[PDB]
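Chemist: show me the folded form of this:
(3 chains)
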Amino acid sequence: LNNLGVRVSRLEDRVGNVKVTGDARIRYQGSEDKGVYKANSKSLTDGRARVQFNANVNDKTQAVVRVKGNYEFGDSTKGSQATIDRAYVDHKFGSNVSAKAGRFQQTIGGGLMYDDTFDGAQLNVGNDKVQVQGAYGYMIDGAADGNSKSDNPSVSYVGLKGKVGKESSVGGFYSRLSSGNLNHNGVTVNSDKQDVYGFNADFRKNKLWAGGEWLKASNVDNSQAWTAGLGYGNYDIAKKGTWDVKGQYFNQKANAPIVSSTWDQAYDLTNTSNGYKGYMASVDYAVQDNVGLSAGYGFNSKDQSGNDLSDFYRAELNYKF
Amino acid sequence: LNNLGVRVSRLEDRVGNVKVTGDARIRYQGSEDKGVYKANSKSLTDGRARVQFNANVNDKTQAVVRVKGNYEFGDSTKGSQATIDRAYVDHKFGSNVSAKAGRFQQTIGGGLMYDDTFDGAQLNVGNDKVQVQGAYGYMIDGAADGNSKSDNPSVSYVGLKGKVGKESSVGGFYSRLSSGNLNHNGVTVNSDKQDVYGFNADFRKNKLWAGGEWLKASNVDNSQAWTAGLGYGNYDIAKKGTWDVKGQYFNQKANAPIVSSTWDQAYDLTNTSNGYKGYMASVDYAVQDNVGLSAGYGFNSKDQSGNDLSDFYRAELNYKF
Amino acid sequence: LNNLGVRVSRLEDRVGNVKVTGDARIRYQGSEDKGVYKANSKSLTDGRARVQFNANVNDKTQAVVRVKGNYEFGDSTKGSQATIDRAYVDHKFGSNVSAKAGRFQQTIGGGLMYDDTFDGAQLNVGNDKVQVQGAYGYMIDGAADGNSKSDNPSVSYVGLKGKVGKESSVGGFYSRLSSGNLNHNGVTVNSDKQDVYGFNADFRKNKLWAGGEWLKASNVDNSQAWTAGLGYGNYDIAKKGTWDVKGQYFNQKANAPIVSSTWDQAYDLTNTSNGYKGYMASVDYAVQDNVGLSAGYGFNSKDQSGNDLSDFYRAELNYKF
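Modeler: Numbers count the residues shown, from 1 in each chain, chains lettered A, B, ... in the order given. The relevant structure is shown in the block below.
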């Protein structure tokens, strides 16, 4: 028993404050019309490998550094360059107040508008039912990609979230964006300030999910965007046999601010100049522990004027380390 | 005893599923003529640092992510880029069948044609006496570098390996390459379908080794290539004092497909227009545990028409950690 | 207990020779005149994340591989590319002789002339009170950035460091630079050989600190550069509540070689065409364990001819993993 203890103690020397996690993904995307996912083609098979380091700076602060690498199956034009996707420090100023600083992931509202990289600061105040999240910074991925410091609109976001029921939650959000460059239909246009505001709901009872979100720019005409979805399943990547099915509908207008949505819709501000309106059915199945298989079929895609867009379909495998 | 276990649990809370290995290399290469290794010069001293993360997704699957960085001693034009060299998932479908998916390392035959990065899928059926390996994908390195997905020649490879006696192994392979752009003597030229079939043998007894390989494209004339080598030693980088010496003759014709050979000759389809034929003597010595000094000298280098080529020589330090 | 013993051994299987450390910095720099820190702007808010893998090749050798990623808050033109900052091997040939090989950090003398990346070899002979350091290689960062191998000036450095008390140490250094391209005021000018020689001294009685450094090129005229500073504090980033204040003065002539100094003056060989002469006050405070807030204000900046220069000021937060 004593010797074993010593053999434990030596391990305590080698292990540090950094825990290494990560994930891998092999994805296939396709559409009935060329150009939706890859230029001058109607298919795209790619892969991604992310390695994350969670470091315990001390007992009240932690940092996260994520290194990602994307590649296409057969694309040898350039090497799979490694990029720092996440680099931020998280502080716990008590049992309620929390803070984040650096390049982290921000979700503007319910994720329909933005659920991706964010350069700036974030604050969180709330115990168990009411949570106020306040972020200040700049968007990175999505239609806000390719902009410089002077040309990148600054987001001031405040979001209220309330826990109604056991695992159901409602909420709202109010964001203000300064004038800056945004990617509309493949061209960078300098847009004025916007006052986006929105509401969302997510009711989940015993393997039945019903979610919805509606956002609108206060000072921009025909700029609202909403989504509504239902689903059944108990998906969890860490347990075998856990599946999930869901069907949702997206109706977003021409001027609706959709930089990089959380959902796997193929049409957003970057792709469409006259809105998007259509359904999408997604299926997930944990084939093994920490190995999940996802499929998705987006159909009935149309513009806001009835013009018929192109369908799309995805199939991906995600491995969690 | 309960406390000790708690300690172990804390270690299991921090160690995770990712094991970090890696290696480093300090290499010098030279030749008697300019342009063999570095443009407009006859020497190249460089270094490489690779860090590999091996993650146990579950009992029957693991993933590998390798971050590689090359640099040249004194070259400060660009920072040492970090590139995702390997990113793949390995599945064990029982005691015999195994599968690989993603960006891995493929060895087409004995390694003379290609032993390097590969984007696609691999399926191994093993019996500890006879092994079958089938790969479908794209070459990423060597003469296949600089190609897009629409120009990269797809490879469909099937290889058999028979373990004759103990530690000795023979084998063969048949591969089909689709039409695509290949780098012939620095010029990207489009080539039609090719059928590369070959055999190899590797007889190791006591401390002596004798190997050979022969491959040929069925529908292309003047594409036959082969190598034959003899060596003596017991090299193992993790064991100090283990040495090794070998001498091998390479004879590859003008149109022989040699994308990225597993050996260290400096002439493979990318810097030759009329073939290669010559000897190469290599020496290895584990100076310390996990440290190895390798040297090589390639001489009698000639084209297939009798015209002389440039001799070359290498000296490298490999640190394994 | 046998069940526990199997677990602990498993940990030793999943814990290799690589220990992962790192740091994360969030920095703000600014000046009263545009262009000191960023083009056409008098401010720069950036962040950096470094992850270092310290390996143990064996009991007498150890390698280091550092992956560094910089970004600017709001700059989305390019991803935060990961660069291999350090990649080298450290050998320990007894209790008095040590060596390094690869891309490491070199401090030429006291660091006023250069303390940054270095490609080459280093040898150390130390009597535990008198140390001799000899480095042969190339500069990679600072005014030597953007140079190829054929243009990078080779550096042959021999430095001596003696201890004259409990903490106070004096020393000197002699370095030889070959002909090469160096960045003077944004223009890459070719310069002949230089024979830099210099001295430095440091005294750390109690918490007081008094440091100084002088250096000059033997053949070039108007190349003398010196710094002298005082301070009081016990700054240790791993201890909460440890503060530090200091104030120093720099006097750098027009042709004084300041490639990448170890101090934080905003003016060096890359920014100054007629030298620099001014004061700088720095403050450090470890607000938390492994967290530190640093501030700096450089004022009275002037050319060697009396022409006024801009005043600079910075504030940063450093977290050690």
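Chemist: before we move on, which element is the residue in the stretch 101-250 of chain A positioned nearest to chain B in?
Modeler: Proximity to chain B, evaluated over the stretch 101-250 of chain A using C-beta to the nearest C-beta, is greatest for residue A:240 at 8.8 Å. Every residue, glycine included, has its C-beta placed from N, CA and C. Assessed by DSSP states H and E, residue A:240 sits outside every helix and strand.
Chemist: for it, which residues are in contact?
Modeler: A:286-289 (C-beta atoms under 8 Å, 6 or more residues apart in numbering or on different chains).
Chemist: how does it look with 10 Å?
Modeler: A:285-291, B:58 (C-beta atoms under 10 Å, 6 or more residues apart in numbering or on different chains).
Chemist: against residue A:289, how distant is it?
Modeler: Distance, residue A:240 to residue A:289, using C-beta to C-beta, to the nearest Å: 6 Å.
Chemist: ditto for residue A:70
Modeler: For residue A:70 relative to residue A:289 (C-beta to C-beta), the value is 25 Å.
Chemist: same question, residue A:34
Modeler: 38 Å.
Chemist: give me the more crowded residue out of those two.
Modeler: residue A:289 (19 against 13; other C-beta atoms under 10 Å in any protein chain shown).
Chemist: tell me the most packed of the contacts of residue A:240, by neighbour count.
Modeler: residue A:291 (23 neighbours).
Chemist: separation between that residue and chain C?
Modeler: The spacing between residue A:291 and chain C, counted by C-beta to the nearest C-beta, to the nearest Å, is 20 Å.
Chemist: skipping its backbone neighbours, what lies nearest that residue in space?
Modeler: When the adjacent residues along the chain are set aside, residue A:291 lies closest to residue A:319, with 5.4 Å between them (C-beta to C-beta, 6 or more residues apart in numbering or on different chains).
Chemist: tell me, how many residues neighbour that neighbour?
Modeler: Neighbour tally, residue A:319, other C-beta under 10 Å: 25.
Chemist: likewise for residue A:191?
Modeler: 18.
Chemist: gap between it and residue A:144?
Modeler: From residue A:191 over to residue A:144 the distance is 11 Å, taken as C-beta to C-beta.
Chemist: may I ask you to name the longest strand in chain A?
Modeler: strand A:43-58 (DSSP state E).
Chemist: check which residues of whatever helix or strand comes next after that strand are buried.
Modeler: Using DSSP H and E, the helix or strand that directly follows strand A:43-58 along the chain is strand A:61-72. Neighbour counts over strand A:61-72 (16 or more other C-beta atoms under 10 Å in any protein chain shown) mark A:61-72 as buried.
Chemist: do stretch A:164-178 as well
Modeler: Using 16+ other C-beta under 10 Å as the test for burial, stretch A:164-178 gives A:168-173, A:175-177.
Chemist: between which two of these is the distance greatest?
Modeler: The largest separation in the buried residues of stretch A:164-178, counting by C-beta to C-beta, is between A:168 and A:177 at 29.7 Å.
Chemist: so which helix or strand takes in residue A:220?
Modeler: With DSSP H and E as criterion, residue A:220 is part of no helix or strand.
Chemist: quick check: residues of the stretch 51-200 of chain A near chain B?
Modeler: For the stretch 51-200 of chain A, the residues in contact with chain B (C-beta under 10 Å from any C-beta of the partner chain) are A:51-54, A:56, A:67-84.
Chemist: buried ones only from those, please, as a PyMOL command.
Modeler: Remark: buried members of these, expressed as a PyMOL selection using 16+ other C-beta under 10 Å:
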select buried, chain A and resi 51+52+53+54+56+67+68+69+70+71+72+73+74+75+76+79+80+81+82+83+84
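Chemist: near chain C too, which of the residues of the stretch 51-200 of chain A next to chain B?
Modeler: Answer for those near chain C (C-beta under 10 Å from any C-beta): A:51, A:53-54, A:56, A:67-70, A:81-84.
Chemist: so what's the residue of the stretch 151-300 of chain A found nearest chain B up against?
Modeler: Chain B sits closest to residue A:289 of the stretch 151-300 of chain A, with a gap of 4.2 Å, by C-beta to the nearest C-beta. If a contact means C-beta under 10 Å, 6+ apart, then residue A:289 has A:236-242, A:320, B:57-61 as its contacts.
Chemist: for those residues, name the two members farthest from one another.
Modeler: A:236 and B:60 (18.6 Å).
Chemist: and the closest residue to chain B within the stretch 51-200 of chain A, what does it touch?
Modeler: Nearest residue of the stretch 51-200 of chain A to chain B: residue A:69, at 3.1 Å (C-beta to the nearest C-beta). Applying C-beta under 10 Å, 6+ apart to residue A:69 gives the contacts A:24, A:47-51, A:79-83, A:85, B:65-67, B:82-87, B:103, C:82.
Chemist: mind doing that once more with 6 Å?
Modeler: Residue A:69 makes contact with A:49, A:80, A:82, B:84, according to C-beta atoms under 6 Å, 6 or more residues apart in numbering or on different chains.
Chemist: and residue A:22, what does it touch?
Modeler: A:50-52, A:321.
Chemist: again with residue A:207
Modeler: Residues in contact with residue A:207 (C-beta under 6 Å, 6+ apart) are A:232, A:234.
Chemist: one more pass at 7 Å, please.
Modeler: A:232-234 (C-beta atoms under 7 Å, 6 or more residues apart in numbering or on different chains).
Chemist: which one is residue A:118 nearest to, not counting chain neighbours?
Modeler: Nearest non-adjacent residue to residue A:118, counting by C-beta to C-beta, 6+ apart: residue A:106, 3.4 Å away.
Chemist: swap in residue A:31?
Modeler: residue A:312 (4.4 Å).
Chemist: test my guess that that neighbour contacts residue A:33.
Modeler: No - shown here, residue A:312 and residue A:33 do not form a contact pair, counting by C-beta atoms under 7 Å, at 9.0 Å.
Chemist: between these two, which one's more packed in?
Modeler: residue A:312 (24 against 12).
Chemist: quick one: that one from chain C, how far?
Modeler: Taken as C-beta to the nearest C-beta, the span from residue A:312 to chain C is 25 Å.
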